[PDB]
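Asks: Dropping in my_file32.cif, which is mmCIF, N, CA and C atoms:
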data_data
loop_
_atom_site.label_atom_id
_atom_site.label_comp_id
_atom_site.auth_asym_id
_atom_site.auth_seq_id
_atom_site.Cartn_x
_atom_site.Cartn_y
_atom_site.Cartn_z
N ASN A 144 30.33 -2.66 -9.48
CA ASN A 144 29.34 -1.89 -10.31
C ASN A 144 28.16 -2.76 -10.81
N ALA A 145 28.45 -3.66 -11.74
CA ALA A 145 27.41 -4.50 -12.34
C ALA A 145 26.76 -5.46 -11.33
N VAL A 146 25.56 -5.89 -11.68
CA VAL A 146 24.82 -6.91 -10.94
C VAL A 146 25.68 -8.18 -10.83
N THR A 147 25.64 -8.84 -9.69
CA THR A 147 26.48 -10.02 -9.52
C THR A 147 25.72 -11.26 -9.99
N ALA A 148 26.44 -12.36 -10.19
CA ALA A 148 25.85 -13.63 -10.61
C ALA A 148 24.79 -14.09 -9.61
N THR A 149 25.08 -13.87 -8.33
CA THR A 149 24.18 -14.26 -7.24
C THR A 149 22.92 -13.39 -7.26
N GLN A 150 23.07 -12.10 -7.56
CA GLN A 150 21.91 -11.23 -7.74
C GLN A 150 21.01 -11.63 -8.92
N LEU A 151 21.62 -12.04 -10.04
CA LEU A 151 20.89 -12.58 -11.18
C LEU A 151 20.15 -13.88 -10.80
N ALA A 152 20.83 -14.76 -10.06
CA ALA A 152 20.25 -16.03 -9.63
C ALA A 152 19.16 -15.80 -8.61
N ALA A 153 19.31 -14.76 -7.78
CA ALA A 153 18.26 -14.43 -6.82
C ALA A 153 16.99 -13.96 -7.53
N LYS A 154 17.11 -13.15 -8.58
CA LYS A 154 15.89 -12.78 -9.29
C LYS A 154 15.29 -14.03 -9.92
N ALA A 155 16.14 -14.86 -10.53
CA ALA A 155 15.61 -16.10 -11.12
C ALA A 155 14.83 -16.90 -10.09
N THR A 156 15.36 -16.98 -8.86
CA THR A 156 14.76 -17.75 -7.77
C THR A 156 13.40 -17.15 -7.39
N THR A 157 13.33 -15.82 -7.28
CA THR A 157 12.05 -15.17 -7.00
C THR A 157 11.01 -15.48 -8.09
N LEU A 158 11.37 -15.30 -9.35
CA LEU A 158 10.45 -15.58 -10.45
C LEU A 158 10.03 -17.05 -10.48
N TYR A 159 10.94 -17.95 -10.14
CA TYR A 159 10.64 -19.38 -10.05
C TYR A 159 9.62 -19.75 -8.96
N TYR A 160 10.02 -19.61 -7.67
CA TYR A 160 9.22 -20.10 -6.48
C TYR A 160 7.89 -19.42 -6.30
N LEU A 161 7.84 -18.16 -6.70
CA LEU A 161 6.60 -17.39 -6.48
C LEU A 161 5.65 -17.57 -7.66
N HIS A 162 6.16 -18.15 -8.75
CA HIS A 162 5.33 -18.35 -9.97
C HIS A 162 5.24 -19.80 -10.46
N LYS A 163 4.73 -20.64 -9.58
CA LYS A 163 4.40 -22.02 -9.89
C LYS A 163 5.61 -22.88 -10.18
N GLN A 164 6.80 -22.44 -9.74
CA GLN A 164 8.01 -23.24 -9.86
C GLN A 164 8.18 -23.67 -11.33
N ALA A 165 8.05 -22.69 -12.23
CA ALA A 165 8.25 -22.93 -13.66
C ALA A 165 9.59 -22.39 -14.10
N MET A 166 10.36 -23.25 -14.75
CA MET A 166 11.60 -22.90 -15.45
C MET A 166 11.26 -22.22 -16.80
N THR A 167 10.80 -20.98 -16.74
CA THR A 167 10.42 -20.21 -17.96
C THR A 167 11.69 -19.78 -18.69
N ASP A 168 11.54 -19.31 -19.93
CA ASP A 168 12.65 -18.69 -20.64
C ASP A 168 13.30 -17.56 -19.82
N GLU A 169 12.48 -16.78 -19.11
CA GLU A 169 12.99 -15.66 -18.31
C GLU A 169 13.89 -16.13 -17.17
N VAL A 170 13.43 -17.14 -16.44
CA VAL A 170 14.21 -17.76 -15.35
C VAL A 170 15.48 -18.39 -15.92
N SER A 171 15.35 -19.13 -17.03
CA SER A 171 16.48 -19.84 -17.60
C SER A 171 17.55 -18.85 -18.04
N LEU A 172 17.15 -17.77 -18.73
CA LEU A 172 18.13 -16.77 -19.14
C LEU A 172 18.87 -16.11 -17.97
N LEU A 173 18.15 -15.71 -16.91
CA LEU A 173 18.78 -15.14 -15.70
C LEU A 173 19.79 -16.10 -15.09
N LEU A 174 19.43 -17.38 -15.02
CA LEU A 174 20.35 -18.44 -14.58
C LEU A 174 21.54 -18.59 -15.52
N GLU A 175 21.30 -18.63 -16.83
CA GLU A 175 22.39 -18.72 -17.80
C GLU A 175 23.39 -17.61 -17.60
N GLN A 176 22.88 -16.41 -17.31
CA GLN A 176 23.73 -15.25 -17.13
C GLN A 176 24.51 -15.27 -15.84
N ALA A 177 23.87 -15.72 -14.75
CA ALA A 177 24.59 -15.99 -13.52
C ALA A 177 25.76 -16.94 -13.76
N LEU A 178 25.51 -18.03 -14.48
CA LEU A 178 26.54 -19.04 -14.78
C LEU A 178 27.57 -18.63 -15.85
N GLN A 179 27.25 -17.62 -16.66
CA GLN A 179 28.20 -16.99 -17.56
C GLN A 179 29.24 -16.19 -16.74
N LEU A 180 28.75 -15.46 -15.74
CA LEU A 180 29.62 -14.74 -14.80
C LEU A 180 30.37 -15.65 -13.82
N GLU A 181 29.66 -16.60 -13.21
CA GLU A 181 30.25 -17.52 -12.24
C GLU A 181 29.78 -18.94 -12.53
N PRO A 182 30.57 -19.73 -13.28
CA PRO A 182 30.19 -21.08 -13.71
C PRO A 182 29.80 -22.02 -12.58
N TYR A 183 30.26 -21.73 -11.36
CA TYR A 183 29.92 -22.58 -10.19
C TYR A 183 29.08 -21.82 -9.16
N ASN A 184 28.34 -20.82 -9.63
CA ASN A 184 27.49 -20.05 -8.74
C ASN A 184 26.53 -20.95 -7.97
N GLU A 185 26.56 -20.83 -6.65
CA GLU A 185 25.82 -21.69 -5.76
C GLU A 185 24.34 -21.46 -5.88
N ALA A 186 23.91 -20.20 -5.81
CA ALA A 186 22.48 -19.87 -5.95
C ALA A 186 21.87 -20.42 -7.27
N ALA A 187 22.60 -20.28 -8.37
CA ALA A 187 22.12 -20.66 -9.70
C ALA A 187 22.05 -22.19 -9.87
N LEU A 188 23.15 -22.88 -9.58
CA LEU A 188 23.20 -24.32 -9.72
C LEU A 188 22.24 -24.98 -8.75
N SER A 189 22.10 -24.36 -7.59
CA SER A 189 21.20 -24.87 -6.60
C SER A 189 19.72 -24.78 -7.05
N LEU A 190 19.33 -23.68 -7.67
CA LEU A 190 17.97 -23.60 -8.25
C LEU A 190 17.74 -24.67 -9.32
N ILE A 191 18.72 -24.83 -10.21
CA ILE A 191 18.63 -25.80 -11.29
C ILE A 191 18.46 -27.23 -10.74
N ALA A 192 19.31 -27.60 -9.78
CA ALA A 192 19.23 -28.92 -9.09
C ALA A 192 17.89 -29.12 -8.41
N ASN A 193 17.43 -28.09 -7.68
CA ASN A 193 16.19 -28.17 -6.95
C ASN A 193 15.05 -28.34 -7.92
N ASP A 194 15.08 -27.60 -9.03
CA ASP A 194 14.05 -27.75 -10.04
C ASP A 194 13.98 -29.18 -10.63
N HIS A 195 15.13 -29.75 -10.97
CA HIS A 195 15.20 -31.17 -11.33
C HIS A 195 14.55 -32.04 -10.23
N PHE A 196 14.95 -31.83 -8.98
CA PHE A 196 14.48 -32.68 -7.89
C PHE A 196 12.94 -32.65 -7.77
N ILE A 197 12.40 -31.44 -7.71
CA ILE A 197 10.96 -31.15 -7.66
C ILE A 197 10.24 -31.85 -8.83
N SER A 198 10.92 -31.90 -9.98
CA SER A 198 10.37 -32.48 -11.18
C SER A 198 10.60 -34.00 -11.23
N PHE A 199 11.17 -34.57 -10.16
CA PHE A 199 11.43 -36.02 -10.05
C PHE A 199 12.52 -36.49 -11.05
N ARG A 200 13.30 -35.55 -11.58
CA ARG A 200 14.47 -35.88 -12.39
C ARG A 200 15.65 -36.02 -11.45
N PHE A 201 15.69 -37.13 -10.71
CA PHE A 201 16.62 -37.28 -9.59
C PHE A 201 18.07 -37.40 -10.07
N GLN A 202 18.26 -38.07 -11.19
CA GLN A 202 19.60 -38.23 -11.79
C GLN A 202 20.19 -36.88 -12.19
N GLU A 203 19.39 -36.07 -12.88
CA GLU A 203 19.83 -34.75 -13.28
C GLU A 203 20.07 -33.82 -12.11
N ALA A 204 19.25 -33.92 -11.06
CA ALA A 204 19.50 -33.19 -9.80
C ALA A 204 20.88 -33.52 -9.24
N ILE A 205 21.20 -34.81 -9.16
CA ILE A 205 22.49 -35.27 -8.65
C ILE A 205 23.65 -34.74 -9.49
N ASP A 206 23.51 -34.84 -10.81
CA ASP A 206 24.54 -34.38 -11.74
C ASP A 206 24.86 -32.90 -11.51
N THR A 207 23.83 -32.11 -11.23
CA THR A 207 23.98 -30.66 -11.01
C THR A 207 24.67 -30.41 -9.67
N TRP A 208 24.28 -31.16 -8.65
CA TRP A 208 24.91 -31.04 -7.32
C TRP A 208 26.36 -31.51 -7.34
N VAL A 209 26.65 -32.57 -8.10
CA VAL A 209 28.01 -33.09 -8.17
C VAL A 209 28.91 -32.07 -8.88
N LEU A 210 28.36 -31.41 -9.90
CA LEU A 210 29.01 -30.32 -10.60
C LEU A 210 29.27 -29.13 -9.65
N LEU A 211 28.27 -28.77 -8.87
CA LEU A 211 28.43 -27.71 -7.86
C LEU A 211 29.56 -28.03 -6.87
N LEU A 212 29.68 -29.30 -6.47
CA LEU A 212 30.70 -29.74 -5.52
C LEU A 212 32.12 -29.48 -6.02
N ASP A 213 32.29 -29.34 -7.33
CA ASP A 213 33.63 -29.06 -7.90
C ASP A 213 34.04 -27.60 -7.71
N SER A 214 33.11 -26.77 -7.20
CA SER A 214 33.41 -25.41 -6.77
C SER A 214 34.62 -25.35 -5.84
N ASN A 215 35.44 -24.33 -6.03
CA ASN A 215 36.62 -24.09 -5.20
C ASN A 215 36.32 -23.11 -4.06
N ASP A 216 35.04 -22.75 -3.91
CA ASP A 216 34.62 -21.84 -2.85
C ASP A 216 34.67 -22.56 -1.50
N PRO A 217 35.57 -22.11 -0.61
CA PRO A 217 35.77 -22.74 0.70
C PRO A 217 34.50 -22.73 1.55
N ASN A 218 33.65 -21.73 1.36
CA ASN A 218 32.41 -21.58 2.15
C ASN A 218 31.21 -22.43 1.68
N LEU A 219 31.34 -23.10 0.54
CA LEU A 219 30.26 -23.99 0.03
C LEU A 219 29.79 -25.00 1.07
N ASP A 220 28.47 -25.07 1.29
CA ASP A 220 27.90 -26.04 2.23
C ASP A 220 27.77 -27.40 1.56
N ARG A 221 28.90 -28.10 1.52
CA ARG A 221 29.01 -29.41 0.89
C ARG A 221 28.16 -30.41 1.60
N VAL A 222 28.07 -30.28 2.92
CA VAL A 222 27.27 -31.20 3.72
C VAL A 222 25.80 -31.24 3.26
N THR A 223 25.18 -30.08 3.09
CA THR A 223 23.76 -30.03 2.69
C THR A 223 23.61 -30.57 1.29
N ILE A 224 24.55 -30.21 0.42
CA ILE A 224 24.52 -30.66 -0.97
C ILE A 224 24.58 -32.19 -1.05
N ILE A 225 25.49 -32.79 -0.29
CA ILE A 225 25.64 -34.25 -0.31
C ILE A 225 24.44 -34.98 0.36
N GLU A 226 23.81 -34.36 1.36
CA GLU A 226 22.54 -34.87 1.89
C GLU A 226 21.43 -34.86 0.81
N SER A 227 21.40 -33.80 0.00
CA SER A 227 20.49 -33.72 -1.14
C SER A 227 20.74 -34.84 -2.16
N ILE A 228 22.02 -35.06 -2.49
CA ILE A 228 22.42 -36.11 -3.42
C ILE A 228 21.94 -37.44 -2.87
N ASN A 229 22.18 -37.65 -1.58
CA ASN A 229 21.78 -38.90 -0.98
C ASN A 229 20.27 -39.18 -0.97
N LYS A 230 19.47 -38.17 -0.65
CA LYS A 230 18.02 -38.26 -0.76
C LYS A 230 17.61 -38.65 -2.21
N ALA A 231 18.08 -37.88 -3.19
CA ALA A 231 17.80 -38.11 -4.62
C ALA A 231 18.12 -39.54 -5.06
N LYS A 232 19.31 -39.99 -4.68
CA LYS A 232 19.82 -41.33 -4.98
C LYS A 232 18.85 -42.39 -4.45
N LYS A 233 18.32 -42.18 -3.25
CA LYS A 233 17.39 -43.11 -2.63
C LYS A 233 16.00 -43.09 -3.27
N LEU A 234 15.69 -42.05 -4.05
CA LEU A 234 14.38 -41.93 -4.67
C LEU A 234 14.39 -42.43 -6.10
N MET A 235 15.59 -42.71 -6.62
CA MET A 235 15.71 -43.24 -7.97
C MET A 235 15.30 -44.68 -8.05
#
Hey, can you dump this file as structure tokens for me?

Replies:
Amino acid sequence: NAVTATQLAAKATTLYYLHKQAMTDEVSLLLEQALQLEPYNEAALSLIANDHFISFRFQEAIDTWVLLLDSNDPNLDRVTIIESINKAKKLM
């Protein structure tokens, strides 16, 4: 019935990328709500990490990705996430 965490994170993602990649209160709240429903939501944590990365906060990007890796979702693309961590690590 209700909107899913991924659907909330998808709206957050649209408002983010199409609007100057700003973490506004609106984007942050949609993400918070995705993570209230699913604490390890891939779409949500991935936006947060990417936003850190884009902002050159490489340590915080890594922390978010490492947190995402603790997901128990068998389908999680760990490979791409760890490539992201590795890039970030090299830019620090």

Asks: Run the PyMOL selection byres (((chain A and resi 168-179 and name CA) around 7) and name CA) mentally over the shown coordinates, then write out the matched residues as a ChimeraX atom specification, using the chain letters and numbers from the document.

Replies: /A:148-149,151-152,155,158-159,166-167,180-184,187

Asks: Record the distance separating atom C of residue 205 (chain A) and atom N of residue 190 (chain A), expressed in Å with one decimal.

Replies: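 According to the coordinates, atom C of residue 205 (chain A) and atom N of residue 190 (chain A) are separated by 12.0 Å.
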
Asks: Where does DSSP see alpha helix (DSSP H) in chain A, if you list the residues as a PyMOL selection string?

Replies: chain A and resi 148-160+168-180+185-197+201-212+221-234

Asks: Expressed in Å to a single decimal, how great is the separation between CA of residue 235 (chain A) and atom C of residue 157 (chain A)?

Replies: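 Separation of CA of residue 235 (chain A) and atom C of residue 157 (chain A): 28.2 Å.
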
Asks: To one decimal place in Å, what is the distance between CA of residue 232 (chain A) and CA of residue 191 (chain A)?

Replies: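 Computed distance, CA of residue 232 (chain A) to CA of residue 191 (chain A), equals 16.8 Å.
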
Asks: Where does the PyMOL selection byres ((chain A and resi 204) around 8) land in this file, that is, which residues does it pick, as a list in words?

Replies: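 What the PyMOL selection byres ((chain A and resi 204) around 8) grabs from the file is residues 191, 192, 193, 194, 195, 196, 197, 199, 200, 201, 202, 203, 205, 206, 207, 208, 209, 210, 227, 228 and 231 of chain A.
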
Asks: Which of these, A:189, A:198, A:150, A:164, has the shortest distance to residue 221 (chain A) once you count only C-alpha atoms?

Replies: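 Using only C-alpha atoms, the shortest distance to residue 221 (chain A) belongs to A:189.
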